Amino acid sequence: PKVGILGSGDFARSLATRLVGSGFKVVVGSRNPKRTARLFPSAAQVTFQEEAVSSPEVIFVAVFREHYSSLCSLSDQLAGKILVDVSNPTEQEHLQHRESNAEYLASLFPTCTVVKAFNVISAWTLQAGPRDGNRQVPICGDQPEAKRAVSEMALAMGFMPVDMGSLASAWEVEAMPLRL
């Protein structure tokens, strides 16, 4: 507790499932929480975006890059928080954009600290994937405290965090193939 997630799709919902199964309290921010809540694990509290971001210290940004700027109205609430960029760009997106999605996200929310994590993990692995601790997540970011928070979370969820350095490493991390 309390971990935030912005977004309502397959990845959001799988993250929520894993977090709840790992003893975290979870709040989800959706544009249509009424509709979205129906499919989410009951233990997660699905609410409006504004209200979902205010409590948590760590917020997973489980939306596509093209929708990042739509979150700008949440800036005053998000101030000083940890944002997790989970995006797994296609080969073409990766090559088209000079900066990583994670760096782009950092630029949009300069008062937040961004950690890149979970891009190489499938939604089904999140849902089902055995809590053997064998499955590696690469993790980077500029802030050691933020990286530790996300790494401990990864461990509690049964993954094995691998430190890949500063947020400048996010471009190479975003090139890593999704497993599997």
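Numbers for residues come from their place in the sequence shown, where the first is 1.
K.L.:
Quick one: higher average CA temperature factor, 123 to 131 or 43 to 51?
P.N.:
The recorded data point to 123 to 131.
K.L.:
State which stretch shows the higher mean Cα B factor in the entry: 99 to 107 or 78 to 86.
P.N.:
In the deposited entry, the stretch with the higher C-alpha B-factor mean is 78 to 86.
K.L.:
Quick check for you: using the entry's CA B-factors within this chain, is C140 in the lowest, middle or highest third?
P.N.:
Tercile = middle for this residue's CA B-factor.
K.L.:
Divide the modelled residues of the chain into thirds by Cα B-factor and specify which third, lowest, middle or highest, holds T36.
P.N.:
As the PDB entry reports it, the C-alpha B-factor of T36 lands in the highest third of its chain.
K.L.:
Could you tell me which third, lowest, middle or highest, the C-alpha B-factor of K116 occupies within its chain?
P.N.:
CA B-factor rank for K116: lowest third.
K.L.:
Is the Cα B-factor recorded for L180 in the lowest, middle or highest third of its chain?
P.N.:
Top third by C-alpha B-factor.
K.L.:
Where does the C-alpha B-factor of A146 rank in its chain, lowest, middle or highest third?
P.N.:
Ranked within chain, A146 CA B lands in the highest tercile.
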